[PDB]
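Reviewing the structure listed below.
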Amino acid sequence: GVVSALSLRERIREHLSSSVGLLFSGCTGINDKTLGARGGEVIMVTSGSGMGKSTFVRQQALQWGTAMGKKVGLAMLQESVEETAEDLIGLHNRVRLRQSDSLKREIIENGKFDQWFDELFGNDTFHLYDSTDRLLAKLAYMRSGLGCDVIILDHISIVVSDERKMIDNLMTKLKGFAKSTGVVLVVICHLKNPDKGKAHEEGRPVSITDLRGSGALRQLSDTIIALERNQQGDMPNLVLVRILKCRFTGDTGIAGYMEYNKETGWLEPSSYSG
Amino acid sequence: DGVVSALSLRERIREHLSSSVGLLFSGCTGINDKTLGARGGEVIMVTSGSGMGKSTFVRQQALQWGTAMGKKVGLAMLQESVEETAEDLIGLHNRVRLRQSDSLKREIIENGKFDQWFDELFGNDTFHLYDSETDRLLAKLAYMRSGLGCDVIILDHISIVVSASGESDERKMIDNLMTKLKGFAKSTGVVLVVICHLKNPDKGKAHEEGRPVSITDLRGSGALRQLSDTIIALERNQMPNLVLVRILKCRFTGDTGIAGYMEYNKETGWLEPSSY
Amino acid sequence: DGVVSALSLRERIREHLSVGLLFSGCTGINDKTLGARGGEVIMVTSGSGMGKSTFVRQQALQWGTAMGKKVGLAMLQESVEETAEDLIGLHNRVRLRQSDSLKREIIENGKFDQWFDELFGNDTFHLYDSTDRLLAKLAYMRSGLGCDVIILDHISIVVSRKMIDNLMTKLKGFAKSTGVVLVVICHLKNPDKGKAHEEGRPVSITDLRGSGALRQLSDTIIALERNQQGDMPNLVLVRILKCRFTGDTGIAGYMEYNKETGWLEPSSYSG
Amino acid sequence: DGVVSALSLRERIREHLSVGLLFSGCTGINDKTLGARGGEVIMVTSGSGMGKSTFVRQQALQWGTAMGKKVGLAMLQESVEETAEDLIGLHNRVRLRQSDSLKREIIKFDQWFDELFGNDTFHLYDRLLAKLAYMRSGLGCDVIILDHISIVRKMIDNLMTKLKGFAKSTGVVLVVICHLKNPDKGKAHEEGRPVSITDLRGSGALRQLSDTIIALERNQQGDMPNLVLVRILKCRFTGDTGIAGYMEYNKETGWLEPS
Amino acid sequence: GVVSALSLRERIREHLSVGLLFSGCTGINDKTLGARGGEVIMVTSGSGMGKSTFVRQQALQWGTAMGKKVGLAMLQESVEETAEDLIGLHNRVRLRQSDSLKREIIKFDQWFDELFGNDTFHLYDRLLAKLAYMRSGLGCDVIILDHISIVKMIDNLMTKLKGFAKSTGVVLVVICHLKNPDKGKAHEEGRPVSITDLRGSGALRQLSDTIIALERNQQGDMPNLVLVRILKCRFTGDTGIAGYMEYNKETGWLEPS
Amino acid sequence: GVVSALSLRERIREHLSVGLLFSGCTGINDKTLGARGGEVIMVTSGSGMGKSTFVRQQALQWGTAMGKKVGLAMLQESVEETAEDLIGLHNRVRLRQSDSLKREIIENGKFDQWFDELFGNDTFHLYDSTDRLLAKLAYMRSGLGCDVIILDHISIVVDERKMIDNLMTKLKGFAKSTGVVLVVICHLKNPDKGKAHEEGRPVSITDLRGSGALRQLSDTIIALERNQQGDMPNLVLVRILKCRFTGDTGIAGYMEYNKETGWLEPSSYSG
DNA sequence: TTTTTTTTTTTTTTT
Ligand SMILES: Cc1cn([C@H]2C[C@H](O)[C@@H](COP(=O)(O)OP(=O)(O)OP(=O)(O)O)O2)c(=O)[nH]c1=O
Ligand SMILES: Cc1cn([C@H]2C[C@H](O)[C@@H](COP(=O)(O)OP(=O)(O)OP(=O)(O)O)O2)c(=O)[nH]c1=O
Ligand SMILES: Cc1cn([C@H]2C[C@H](O)[C@@H](COP(=O)(O)OP(=O)(O)OP(=O)(O)O)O2)c(=O)[nH]c1=O
Ligand SMILES: Cc1cn([C@H]2C[C@H](O)[C@@H](COP(=O)(O)OP(=O)(O)OP(=O)(O)O)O2)c(=O)[nH]c1=O
Ligand SMILES: Cc1cn([C@H]2C[C@H](O)[C@@H](COP(=O)(O)OP(=O)(O)OP(=O)(O)O)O2)c(=O)[nH]c1=O
Ligand SMILES: [Mg+2]
Ligand SMILES: [Mg+2]
Ligand SMILES: [Mg+2]
Ligand SMILES: [Mg+2]
Ligand SMILES: [Mg+2]
């Protein structure tokens, strides 16, 4: 029902000291113009194909799970449960686990696998999802029934597969689920084809209207983060982060540069100056 | 019946061109020269890109109409909850940014300045909010107009009430909602601000890069530019704060075009008039 | 039966052949379509803000005072007091509603009632104050009042393609049966490529919202195009799109608007 | 049974094979589809205002003065008086319902009336299938023209099957007019867009159950709005289709004449 | 449809080494291995493309070259027109279109008996019993039906036709019409026909056995240069573009070029 | 579906305790690490530059030399033609290039020696010809117990964007959670400007025709470039365009085409 | 408890 503005004296008070930003890792130019992430705050993450969307969000989920105490729930749909679990273990132990059979055969026999397991999953902070209406119900049981603080979804086009009406209704339902709940919602979508010139995977600067499916994805999201790297140029591991849209602050543009470490799998804050 | 002879209609005209008319905008001077304010029974539709000041400019207008003029103003803001839009108005009235600083929130918690800034604004029943199927939204707007008596009702983000209901074709539901909304506005005679988005251009620049928005760029139907009485478009190029105003269609006068310029003050949050 | 041979028709042809209602502004209309005729349906087409109701209000004024014909307006787009004030101001050469320094001036000067019965003195103008009910009210205007012209401002909000085909067939049947000059206004569709109509794109007969039978059952189509965000948003172009009683179509004339008064008055503009 | 061998058929073929009704204006029609024949269904289709009924009224005139066949008109679009006044003005070479001085100058009205109604040729029309069966059995009509099919998918397919069955039963030349569909991309038909056989409202039976289709295309908002292009879209007897010729209108007279 | 590697033990040797044949652009029966009994052969194209011309040419070439008893069902016209057309097609002279020659040749019985002297053809001016009589009491090995557009009610009819053909074993040709294209060109200006373009229901391509189609740019540069497409063939599987025919307006025979 | 990370104590241990490598070119092996359960490998080239040659060659080398069940579903040609291609390529002859060779093999009984050397171990399966296809491939994977499944010529299998998007989504969701290497053969779209693909244009990642889902659901993307008009028309260039597992893309290596046995060999071309 | 025509609006690609 409707509300009267004198009954909001006791609740705006309670909202005033409750809101709290959750900082990003890997680049400090993101945190200075976003002030983190709050309860009821849909964050769209995008790049070209294979430019590093799942690795970045997996690093963010790792840093919010073992360093800040936040209970993080994932719904990675590109991959299975054990694949992303082994990638989390190999990333928290600063190596490249699944891309080497020698290390996987080594760490299973000397008994240090339980040492690398219980340093993460001992506190029970991470949660995973096993693969339109049942998805949001299981996210609601993930939030209220368990108690997670950040909920991550990946590769939104599985849910829609008329696409524009369904993706608009889906984006509306995810924004309405994020609001009145108190959970950061990280959403990943891809970019359509470039019309002329070069491509987004060759380093073409991403604009805001390339979020494929509708134009309703940039109109129900709060913070839109875009990554881009030129795999054909001179430095194929130099990503650029661009804030396309920020509703809470209004500061957008080039955040900063990062460098990816092929031996550890961590992308780390670079000192690159254009 | 309902067929009116134009001879037995004298007294109504004697009580129509006597009294209303007025209720000017704020932030830019050249807007009020063209549209001559907002009137009862009209529909004013404000459009921009994404995150481009179509809620900040309307909150900055709803402050000036509900405080400095005594008009009871209702806000169906459906993008955010009631706790944030009632808290950004306190900062805008006191010329700060209360949500964008955790230092000032703790400062007004400690010394008790929050009660001063709360009873300065919400002391008189002027701002009427709502927290959250299109046959209940207009029911709540009728309960606001008939029961509480708002003089300016602002419906923000009309795209959330066309997509939260199960309908096959989107254009017919937009047209039916728009004509029922104009009927409610003309029946009750309340000023009605509607906020909606724009669609993707086919090629060239985008709306967030300096694209001059035309009247055909309204997203959803063609019933948006045919059933509204005043259309205001706000345009910027992220000088990422200089927002200019275009009047697209005024039914009352004939003046449409480049109204003027506004600027956004980063520490306070106001739309000051500019000069260029 | 209902068959009639062509030999036994000497009388009814003799009483049928034993120019029409002229227009106002841009003198190449009644040069081209030769005015309106009893039992037609006329479509007035433009984009939003281009002056459709502004154009037809003037014709309702010139057909209700200088010609004496009983006129019935049906403005579903507005109310009765606003169109009554606009008629009073349009006949008195003063833009009435758009100036508040004169609205209270003429009501204490006493010349409001001098301006009222000067044009509303006869029983000429009849207004409609808000589908089958609409047809019954148009029939009550035709039978119970004897209207010579009936104007309808907005066809679209009658609709709660088939419901528009049935509507246009029923209105054409009413116009052919009673012989009343019926003017109906409609809007244009959203084009897929290029400019809108409001930036001065010329209108084709395809651009009609709802269906395509709006052009198949009317007898003439008058389109008005004006460059709204341009160097002059007052000069309009009038294009006659269809004429079944003469045949000639194309660009007829031009009407400047003369912002001080409000009369669409013709101009010279070659190319 | 109804089975008939091909050998017991020598009689009924011998009486059968021992051109038809020509057209006036655009002489590459009867050069191409060899004119009209009995039992058929003919479609003359174009856009609104392109000049369909002017063409078919000229053909109704020329099939009742030089030929003498009983012509039954069915103009559900307008009145029975206007369609006769146009025939009188078209025969008398001076346009009638547009010069208002001549309408009271002629009132030699009966001299113009009886000169073209001195026979019992024409029959106008003021359920519709029963009226056409009456016009065919009790009146001997050789040509029947129908201008308005629209107010008369499934209920259009049934109507077209019933009209084809009536034409097959009676052997009457039958002209039917319907309109074009609304094109969703590109120009309108009225600025010179050539008509495809898809461009027909209602359903697809209008091209499946007829026997020939004639289309007129003219650039209406152009420099020459009085020059129709005539296009044959279908002909079961010949197969010869395409662009036929060009007719000028001659506003002064009203006669579609070739050039 | 999943074939193991052992099941081609002799069949590749079968690659290392028919029925009724078709006329014109001889890669038809080179691709579908000719017509066979028990089949339901569909010839579907646009209006004016020449379905009746094609199937009438095949009805002539299956009654003079083979001598098999042929039954026609030309419900699109009458029994005299479809006989005059066969006589004119056999005698290399376009008959019903030339006004002078129709009264010049009336040698009429000489042209009649040379092609109708046997008991080959069986024409037609309830329908299931008529088809069963034309099979059983008349010995017809080929039955042709030209108009099904006037005869759930199409699915029942097609199941009943297919059960009749299964019970008998007769070559059966049925012609229906295409659907209206929703976007692009029409079938008559050179748009290639897909298998989905069939009216009524979807069982027309699921209870048939082979489908032939024709494409020609009718309002075009050369409207007499057709292209033939095979859309389905349960025996072979070889589908696609078959060949080219010109019409030869003076004669009426679809001759290959 | 709601999974706590505490019950993964023994499942992850089961997952740790495998790449299937590419033959004929070690340059593909240097930057792909083979193929694991759920590794969709998209293969493409120009207009006739040898897609099915290379994919059938890898199917031949994975079956008769490594003991993996390979299921082909070649839809360019039928079952007998791809069986003739398998046997004539494994026996290193040009089978369909001369009629004199097809006659010699059947007169001396040495054809029956060539069925036993390949098809006797049941390490190959074929397919005889979209929602009717996945239920067959699921029984091919689960019921037979195969490991590699190949699909060819996607253009006949598939608004041609929603179809190929749903197809690619269904194939990726089938390859996941089942454990198959699903090789998918696609095409390239036609070049607008510059040089053509028959002349040696460097291929781009956005030339996968039909949608953009062909590079956004793949795990590995391999393309082939051959200049059939240039200096060496028998020289192909293998280019990795996408890798999810490693991320190392570019010119993998070179292979040389042969007009004597039909094969293509590893090359040593320098630039 | 199935199949064909008409029409206005948002996206992704095609020779
Ligand atoms: C960020 C980054 C990743 N990589 C490598 C390591 C990652 O495992 C691999 C990409 O893995 P992902 O990030 O998981 O792939 P993606 O989500 O960007 O694309 P898609 O879902 O469409 O397949 O690329 C680099 O080589 N350089 C880089 O800078
Ligand atoms: C007008 C303007 C706003 N801003 C800031 C003010 C606000 O904090 C923020 C705009 O937030 P909102 O007003 O909420 O954004 P919006 O209504 O225009 O669109 P949407 O709801 O689809 O996102 O940007 C600028 O930085 N520069 C400007 O010129
Ligand atoms: C014709 C014309 C109108 N006008 C202005 C004066 C009128 O007060 C104002 C109103 O135009 P309207 O006549 O009301 O325009 P419309 O009815 O076609 O649009 P809609 O009903 O969809 O809203 O237009 C001009 O300024 N110049 C002109 O040339
Ligand atoms: C063919 C032609 C017609 N005309 C005009 C003159 C005639 O008065 C007019 C005839 O109008 P109609 O032919 O009666 O219009 P219509 O029948 O196509 O439309 P509807 O669907 O409503 O029945 O066409 C020309 O001016 N030049 C021409 O070349
Ligand atoms: C195939 C072909 C036919 N024709 C002509 C010869 C025929 O007399 C004319 C008609 O062909 P028909 O075969 O008679 O057409 P149809 O009976 O199948 O039509 P529908 O069922 O759709 O009503 O087409 C050509 O001119 N060129 C050609 O290539
Ligand atoms: Mg990914
Ligand atoms: Mg907003
Ligand atoms: Mg109006
Ligand atoms: Mg007509
Ligand atoms: Mg036929």
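The residues of chain F that appear here are 264-280, 285-396, 402-430, 437-549 by Swiss-Prot count, in order.
Header lists the method as electron microscopy, 3.5 Å.
Any Cβ shown, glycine's included, is placed from N, Cα and C.
As annotated by Swiss-Prot, ATP binding site applies to F:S312, F:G313, F:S314, F:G315, F:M316, F:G317, F:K318, F:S319, with the evidence given as sequence analysis. Residues annotated as site 'dTTP/dATP binding' in Swiss-Prot: F:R361, F:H465, F:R504, F:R522, F:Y535.
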Between the C-alpha atoms of F:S314 (ATP binding site) and F:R361 (site 'dTTP/dATP binding'), the distance in angstrom, to the nearest integer, is 21
F:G315 (ATP binding site) and F:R361 (site 'dTTP/dATP binding'), compared by Cα position, are separated in whole Å by 18
Here the 10 Å Cβ neighbour count for F:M316 (ATP binding site) comes out at 21
Sequence gap of 6 or more, Cβ distance under 8 Å: name the residues on the same chain that satisfy this around F:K318 (ATP binding site), in order along the sequence.
F:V310, F:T311, F:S312, F:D424, F:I463, F:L502
In sequence order, the recorded sites (F:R361, F:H465, F:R504, F:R522) whose C-alpha falls within 10 A of F:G317 (ATP binding site)
F:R504
So, three-state DSSP: helix, strand or coil for F:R504 (site 'dTTP/dATP binding')?
strand
One of the recorded positions F:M316, F:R361, F:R504, F:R522, F:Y535 has its Cα closest to the Cα of F:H465 (site 'dTTP/dATP binding'), namely F:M316
Inter-residue C-alpha distance, F:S319 (ATP binding site) and F:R504 (site 'dTTP/dATP binding') (nearest angstrom)
14
Whole-Å Cα distance, F:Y535 (site 'dTTP/dATP binding') to F:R361 (site 'dTTP/dATP binding'), is 13
Reduced DSSP assignment, F:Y535 (site 'dTTP/dATP binding')
strand
Please check the gap where 4 residues are unmodelled: Cα of F:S280 to Cα of F:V285, in angstrom.
9
Which ones, of the recorded positions F:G313, F:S314, F:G315, F:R361, F:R522, F:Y535, are Cβ-proximal to chain C (under 8 Å)?
none
Given a separation of at least six residues and a C-beta threshold under 8 Å, show me what packs close to F:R504 (site 'dTTP/dATP binding') in the same chain.
F:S312, F:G313, F:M316, F:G317, F:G478, F:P511, F:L513, F:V514, F:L515, F:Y535
For the recorded ATP site formed by F:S312, F:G313, F:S314, F:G315, F:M316, F:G317, F:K318, F:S319, which further same-chain residues have Cβ atoms within 8 Å of the site's Cβ center?
F:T320, F:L502, F:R504
In the structure shown, which of the binding-site residues F:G313, F:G315, F:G317 has the fewest Cβ neighbours within 10 Å?
F:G315
